[PDB]
Amino acid sequence: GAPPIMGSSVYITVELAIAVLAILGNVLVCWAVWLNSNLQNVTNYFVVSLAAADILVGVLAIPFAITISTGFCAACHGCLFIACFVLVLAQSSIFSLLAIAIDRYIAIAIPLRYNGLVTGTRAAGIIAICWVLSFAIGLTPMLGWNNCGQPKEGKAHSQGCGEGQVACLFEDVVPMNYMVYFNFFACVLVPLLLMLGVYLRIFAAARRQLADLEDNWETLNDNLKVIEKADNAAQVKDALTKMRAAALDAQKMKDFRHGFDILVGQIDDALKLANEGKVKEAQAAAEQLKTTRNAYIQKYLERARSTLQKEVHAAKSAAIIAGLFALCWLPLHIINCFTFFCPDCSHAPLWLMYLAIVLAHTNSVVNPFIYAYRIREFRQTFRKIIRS
Ligand SMILES: CC(C)CCC[C@@H](C)[C@H]1CC[C@H]2[C@@H]3CC=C4C[C@@H](O)CC[C@]4(C)[C@H]3CC[C@]12C
Ligand SMILES: CC(C)CCC[C@@H](C)[C@H]1CC[C@H]2[C@@H]3CC=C4C[C@@H](O)CC[C@]4(C)[C@H]3CC[C@]12C
Ligand SMILES: CC(C)CCC[C@@H](C)[C@H]1CC[C@H]2[C@@H]3CC=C4C[C@@H](O)CC[C@]4(C)[C@H]3CC[C@]12C
Ligand SMILES: CC(C)CCC[C@@H](C)[C@H]1CC[C@H]2[C@@H]3CC=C4C[C@@H](O)CC[C@]4(C)[C@H]3CC[C@]12C
Ligand SMILES: CCCCCCCC/C=C\CCCCCCCC(=O)OC[C@H](O)CO
Ligand SMILES: CC(C)(C)CC(=O)Nc1c(F)cc(C(=O)Nc2nccs2)cc1F
Ligand SMILES: CCCCCCCC/C=C\CCCCCCCC(=O)O
Ligand SMILES: CCCCCCCC/C=C\CCCCCCCC(=O)O
Ligand SMILES: CCCCCCCC/C=C\CCCCCCCC(=O)O
Ligand code: NA
């Protein structure tokens, strides 16, 4: 058996490398939001809460994991605290990710009341509540659900520990039934699945809205053709009444309101002629609608489409971040499941525990990269911060 300081040297060096990069990248995220008012919105207050959690992974959770890798003698509840603290930060991350998903759902499903409903003041209070709940959930073992009543006395004596002390190792103090049923199933898997459901609803809502935009445009152009080849005033009137309802339905900024004003007025003009039995005059008046459509309506159509595509792009970036949290944390949770549910299976070997721990920690590095690669306003602010 090779000297343990050699393998732990590699593990510890990698942990420290991750801690440095987790602190630097997420400090940059927080600085960017602090400095750029275009980045100061409710979505990005949850982004900052998530960056703060990742900063604390570098400042506290990684030094704690390095300390625990030594198995040093410690009062059992002190060991328990440094072992559980990373769970607080993971839980807070989950609350932030779920809040971000819900925020984007509200923005796409009910844009007209988003600004009245989702305010910065309410967001700060939500963030404070979620941090309190993260402490309660992550430190729940400190309330008595722990293995400190059954210390491994042979291991403690072999290391020369003193009274009330244990060799400090995560699995000796944190119960695995808490880790699997309460932390993983209830507090991690369930929120991640709820997030998956929110994102499905976001993309379905976008796809449906971009469909309805295209439907109204098609109805407008189809009914223009119907009028042109109509044969009596009654047919002209039928198509015009559909167009009028569809115009108001698409009405639901000054040049925008002017263009629809023109449009509905021109439909009313032609409809009045059609009811008077003046087919040719009604058809000629309807042809004027094509001038309004080119100058105004199509511009509104293109801008509505472009706004929806930007909402889709923003939601995908947020979903990538949630998906990467899952990818990085799941191996460690799955290993706990094997330890717990398969007592006939040999425990995952030490090199694999190390690997799964640093994979989980690497998730605290990756978000600033996603923001830089996918969000212009962050990328340009990062550049100004780094340059200046
Ligand atoms: C505001 C921040 C920076 C302060 C951080 C304080 C941290 C480092 C403190 C808070 C409580 C402390 C623990 C409390 C009790 C014990 C039991 C002892 O047998 C070994 C040390 C150990 C495990 C301590 C390690 C350091 C510790 C985790
Ligand atoms: C911002 C400030 C107030 C942080 C407050 C955290 C304090 C109150 C908590 C955090 C961790 C706690 C320690 C965790 C574990 C142990 C080991 C146990 O054998 C005696 C108590 C002791 C030493 C606790 C004392 C209280 C403690 C230090
Ligand atoms: C989330 C995505 C990346 C899936 C990752 C799956 C990983 C975590 C899976 C795939 C194969 C699994 C291993 C397969 C067999 C064993 C041997 C057993 O005696 C201990 C657990 C152990 C070592 C498993 C640990 C978990 C494991 C490494
Ligand atoms: C997408 C979501 C649902 C991922 C969560 C799936 C998890 C909970 C699944 C993936 C593979 C599963 C493991 C596959 C094999 C075994 C070995 C068996 O002797 C006990 C159960 C155990 C250890 C399973 C426990 C549950 C498990 C870890
Ligand atoms: C800006 C600063 C922000 C705050 C920065 C916080 C840094 C915490 C660092 C390391 C935690 C190490 C955990 C404590 C290591 C314990 C070693 C020990 O206690 O030795 C006991 C042994 O039994 C002999 O008595
Ligand atoms: C590697 C050792 C065995 C030599 C020391 C040790 O016990 N290290 C350790 C640690 F510091 C943190 C965790 C941890 O965070 N596990 C989680 N599972 C799900 C969410 S967090 C697991 C660990 F094994
Ligand atoms: C542009 C560069 C950004 C800053 C770079 C900082 C580099 C820090 C990286 C790794 C720290 C490695 C220290 C290794 C000492 C551990 C010794 C041991 O295992 O006992
Ligand atoms: C920005 C400030 C961040 C804080 C710096 C702290 C980093 C130190 C890293 C690891 C601490 C390791 C704890 C030592 C274990 C003791 C081993 C033993 O006692 O047997
Ligand atoms: C440890 C398990 C979780 C604990 C469950 C119950 C603890 C807290 C419950 C609810 C917090 C709800 C916040 C409502 C505060 C009122 C704010 C307002 O004025 O509108
Ligand atoms: Na995180």
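These residue numbers are counts, starting from 1, taken along the chain as shown.
Per the header: X-ray crystallography, 2.0 Å.
In case you wondered, yes, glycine gets a Cβ from its N, Cα and C as well.
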Looking at Swiss-Prot, which of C73, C76, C79 bridges to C168 via a disulfide? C79
Disulphide bridge to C148 as given by Swiss-Prot, partner from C73, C76, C84: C76
The residue that Swiss-Prot pairs with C342 in a disulfide, chosen from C337, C345, is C345
Among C161, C187, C328, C337, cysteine joined to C73 by disulfide in Swiss-Prot: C161
Sorted by position, what residues of the same chain at least six away from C342 (disulfide bond) have a C-beta under 8 A from it? none
Just to be sure I understand the contacts, which disulfide-bonded residues have a Cβ under 6 angstroms from any atom of ligand 4? Candidates are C79, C148, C161, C168, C342. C342
Answer in whole Å: the Cα atoms of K252 and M253, separated in sequence by 15 unmodelled residues, lie apart by 12
Disulfide-bonded residues (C73, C148, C161, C168, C345), the one with most neighbouring Cβ atoms at 10 Å: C168
